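Here the structure is laid out as structure tokens; the discussion comes afterwards.
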Amino acid sequence: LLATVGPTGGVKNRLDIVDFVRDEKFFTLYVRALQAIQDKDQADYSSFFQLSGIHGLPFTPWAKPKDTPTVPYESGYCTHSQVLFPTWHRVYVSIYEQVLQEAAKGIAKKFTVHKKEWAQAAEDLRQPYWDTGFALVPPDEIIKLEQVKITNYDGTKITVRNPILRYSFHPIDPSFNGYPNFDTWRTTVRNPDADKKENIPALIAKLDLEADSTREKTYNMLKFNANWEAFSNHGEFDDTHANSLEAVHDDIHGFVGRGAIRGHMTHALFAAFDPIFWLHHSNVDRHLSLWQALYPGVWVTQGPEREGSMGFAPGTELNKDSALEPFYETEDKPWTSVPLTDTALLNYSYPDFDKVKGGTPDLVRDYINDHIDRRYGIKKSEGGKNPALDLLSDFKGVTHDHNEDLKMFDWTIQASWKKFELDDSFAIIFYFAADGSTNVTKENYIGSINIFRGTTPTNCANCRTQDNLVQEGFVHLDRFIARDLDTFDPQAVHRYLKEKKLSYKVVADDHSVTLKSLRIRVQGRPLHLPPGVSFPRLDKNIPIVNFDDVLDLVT
Ligand SMILES: [Cu+2]
Ligand SMILES: [Cu+2]
């Protein structure tokens with residue numbers, strides 16, 4: 001078979017998509033290589049179709065031996081809602097990067113002028129990442145431009161079709177026969193309408209709307225998850241107060257995929273065929289690495305298989321020694337989650353660690369902590385115009401030193417529900433209803449919880465580990481309180497949320513849908529900052545406050 005060894009060459013960085021498109025050589029090589037692996041036949045193991053067929057459809061083994069190897073559970077190889085999510089989606093990007101750099105290495109020999117620079121550029125070609133937490137609105141070259149300007153083989157700037165917008169099937173795999181819409185669709189569709197038409201213009205607007213919420217979710221996900229169960233999966237874990245890596249991962253899949261109807265990107269069986277997928281999960285891997293800098297010594301714990309993949313049947317106990325199928329290091333040994341702590345083993349890194357390249361684990365944590373405080377944190381007011389926002393900035397951002405200890409309430413919208421109740425991907429919208437419920441207002445929009453579903457299991461060999469998984473999500477309210485109120489007291493924020501008529505709506509496709517396992521509430525956690533620390537701690541004096549009568553359902 002094909003061993004997942006990663007890209008060749010030295011240890012090179014995965015560049016930001018903002019900077020990757022400005023480098024002519026890297027962008028040209030990326031377009032050429034991507035079109036190269038796209039035009040190959042869908043039966044070849046090194047094609048875009050086979051690599052995308054690992055995350056979902058088809059339900060066939062990838063790179064398997066001629067000799068017999070039965071499949072334990074027929075589903076996609078993707079491992080979602082378990083402890084193996086980040087590591088599996090870590091090596092999964094490495095194989096795609098490996099073959100993509102192989103094709104680009106073949107294309108580099110097809111040039112004529114500067115044959116030494118264009119080949120070395122192919123040796124350093126790493127999959128760029130889309131920093132959704134900072135700039136949710138991406139550049140035009142990856143979602144909006146039908147044609148892109150690159151450099152031809154002779155050295156002239158030419159205009160070619162962009163292979164990043166979409167992917168044409170050739171042909172549509174018969175396994176998609178019984179799946180609606182996906183069988184009739186020629187190419188992948190982002191943000192579809194009721195007439196099966198791709199609506200990219202509305203998608204841009206949406207991202208521009210969800211920029212702030214995505215920023216806060218990314219920040220709190222990176223800084224306030226100290227254990228593996230609270231960081232890697234959907235599962236409702238005790239004493240949680242921030243989104244997990246997988247939830248923030250779901251937000252992008254739901255932004256690009258779910259429009260008036262369900263698209264490719266919002267279905268776990270067809271998500272990998274969208275070329276933007278690899279730009280998202282690259283940044284996800286970056287999020288993992290950043291988290292590794294903040295919490296060293298915290299890695300994969302043991303957990304059960306909740307929904308079931310092709311690697312493990314529902315009920316299998318998974319740990320750091322589990323086999324990350326179908327990714328192998330040698331022809332007789334599959335990858336495990338243990339060696340995946342060092343990205344340098346796979347010949348790639350990220351520019352966030354450029355300033356501390358070769359430092360102690362103590363210093364890397366401080367630099368990355370400060371870097372997250374400045375990149376995704378909350379800035380303070382100009383000239384002290386809003387003191388409440390300065391107090392909010394001390395807890396969720398850059399912390400100015402103080403003589404006395406500071407205290408405030410951290411407010412969040414917690415929502416818990418039982419996945420697999422409905423077999424359609426949906427979303428929960430939160431907004432203020434004081435102005436009116438018939439216009440999408442930039443200021444009166446809180447956030448949303450998107451659901452990234454796909455194939456559901458039904459039963460097993462009358463096993464016993466089969467337990468309903470509970471998925472939870474968070475939406476932050478602190479910045480909206482700092483804009484209006486002058487304090488974070490519960491007695492004031494109750495009147496703030498009741499006067500502004502904080503409401504929510506569970507929507508699937510276009511019409512409204514209802515589920516019975518949902519429980520939404522507002523949580524106020526007393527946070528205090530001693531005069532010598534910048535990291536907030538739970539205030540063990542005043543108890544946690546829960547409001548379950550403020551939210552309103554709208555249909
Ligand atoms: Cu996935
Ligand atoms: Cu994904």
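Labeling convention for the structure tokens: chains A, B, ... as they appear, residues from 1 per chain, ligands from 1 in order of appearance.
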
For the contact check between chain A and ligand 2, emit one row per residue of chain A within 9 Å, containing the shortest atom pair and the distance in Å rounded to one decimal, counting only C-alpha atoms and all ligand atoms, chain then rising number order, as CSV.
residue,atom,partner,partner_atom_place_in_ligand_line,distance
A:55,CA,ligand 2,1 (Cu),8.3
A:78,CA,ligand 2,1 (Cu),8.6
A:80,CA,ligand 2,1 (Cu),8.3
A:89,CA,ligand 2,1 (Cu),7.8
A:246,CA,ligand 2,1 (Cu),8.1
A:249,CA,ligand 2,1 (Cu),6.3
A:250,CA,ligand 2,1 (Cu),6.9
A:252,CA,ligand 2,1 (Cu),8.5
A:253,CA,ligand 2,1 (Cu),6.7
A:265,CA,ligand 2,1 (Cu),8.5
A:266,CA,ligand 2,1 (Cu),8.9
A:268,CA,ligand 2,1 (Cu),7.2
A:271,CA,ligand 2,1 (Cu),7.2
A:272,CA,ligand 2,1 (Cu),7.7
A:277,CA,ligand 2,1 (Cu),7.1
A:278,CA,ligand 2,1 (Cu),8.8
A:280,CA,ligand 2,1 (Cu),7.7
A:281,CA,ligand 2,1 (Cu),6.3
A:284,CA,ligand 2,1 (Cu),8.8
A:452,CA,ligand 2,1 (Cu),8.0

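Secondary structure from DSSP on the backbone puts helix (DSSP H, G or I) at the following positions of range 387-459 of chain A: residues 387, 388, 389, 390, 391, 392, 393, 394 and 395 of chain A.
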
Q: May I ask which of the residues A:518, A:493, A:390, A:454 is the closest one to residue 269 in chain A, counting only C-alpha atoms?
A: A:454

**Q.** Nearby residues (only C-alpha atoms) at most 12 Å from residue 160 in chain A, same-chain spacing under 6 positions excluded, as a list in words
**A.** residues 27, 28, 31, 32, 35, 141, 145, 146, 147, 148, 149, 150, 151 and 152 of chain A

Q: Identify, on the basis of only C-alpha atoms, every residue whose closest approach to residue 8 in chain A does not exceed 9 Å; exclude the query and any residue fewer than 4 positions from it along the same chain; express the result as a PyMOL selection string.
A: chain A and resi 98+101-102+123-124+346-347

Let me see the file: selected residues, C-alpha atoms, as a PDB file, in the first residue's frame.
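This went into again26.pdb:
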ATOM      1  CA  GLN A  98       2.436  14.242   0.786  1.00  0.00           C
ATOM      2  CA  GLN A 101       3.815  17.712  -2.934  1.00  0.00           C
ATOM      3  CA  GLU A 102       4.615  14.637  -5.038  1.00  0.00           C
ATOM      4  CA  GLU A 123      10.263  20.939  -2.071  1.00  0.00           C
ATOM      5  CA  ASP A 124       8.956  23.507   0.452  1.00  0.00           C
ATOM      6  CA  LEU A 346       6.079  15.049   9.603  1.00  0.00           C
ATOM      7  CA  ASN A 347       8.347  17.793   8.179  1.00  0.00           C
TER       8      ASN A 347
END

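Distances to residue 254 in chain A were evaluated for A:350, A:426, A:96, A:496 using only C-alpha atoms, and the minimum falls at A:426.
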
Quick one: residues within 6 Å of range 286-300 of chain A, only C-alpha atoms, excluding same-chain residues fewer than 6 positions away - as a PDB file with N, CA and C atoms, in the first residue's frame?
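New file around-v4.pdb:
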ATOM      1  N   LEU A 222      -9.205  27.815  22.859  1.00  0.00           N
ATOM      2  CA  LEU A 222      -7.766  27.621  22.988  1.00  0.00           C
ATOM      3  C   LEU A 222      -7.293  27.739  24.431  1.00  0.00           C
ATOM      4  N   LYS A 320      -4.272   6.044  23.346  1.00  0.00           N
ATOM      5  CA  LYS A 320      -3.161   6.593  22.580  1.00  0.00           C
ATOM      6  C   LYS A 320      -2.513   5.559  21.669  1.00  0.00           C
ATOM      7  N   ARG A 365       5.323  28.344  26.176  1.00  0.00           N
ATOM      8  CA  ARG A 365       3.989  28.553  26.728  1.00  0.00           C
ATOM      9  C   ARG A 365       3.704  30.036  26.932  1.00  0.00           C
TER      10      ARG A 365
END

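Using only C-alpha atoms and all ligand atoms, the shortest contact distance between ligand 1 and any of A:170, A:367, A:63, A:285 is found at A:285.
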
(Q) Ranking A:344, A:398, A:406, A:142 by minimum distance to residue 279 in chain A and counting only C-alpha atoms, which one comes first? (A) A:142

Q | Best match for closeness to residue 485 in chain A among A:453, A:144, A:419, A:500, counting only C-alpha atoms | A |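 For residue 485 in chain A, the nearest of the given residues is A:500.
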
Q: Extract the full set of strand (DSSP E) residues from range 162-327 of chain A according to DSSP on the backbone, and format it as a list in words.
A: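 In range 162-327 of chain A, DSSP puts these residues in strand (DSSP E): residues 303, 304, 317 and 318 of chain A.
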
Q: Give the answer as one residue: which of A:29, A:125, A:245, A:211 has the shortest atom-to-atom distance to ligand 1, using only C-alpha atoms and all ligand atoms?
A: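 Smallest separation from ligand 1 among the options: A:245.
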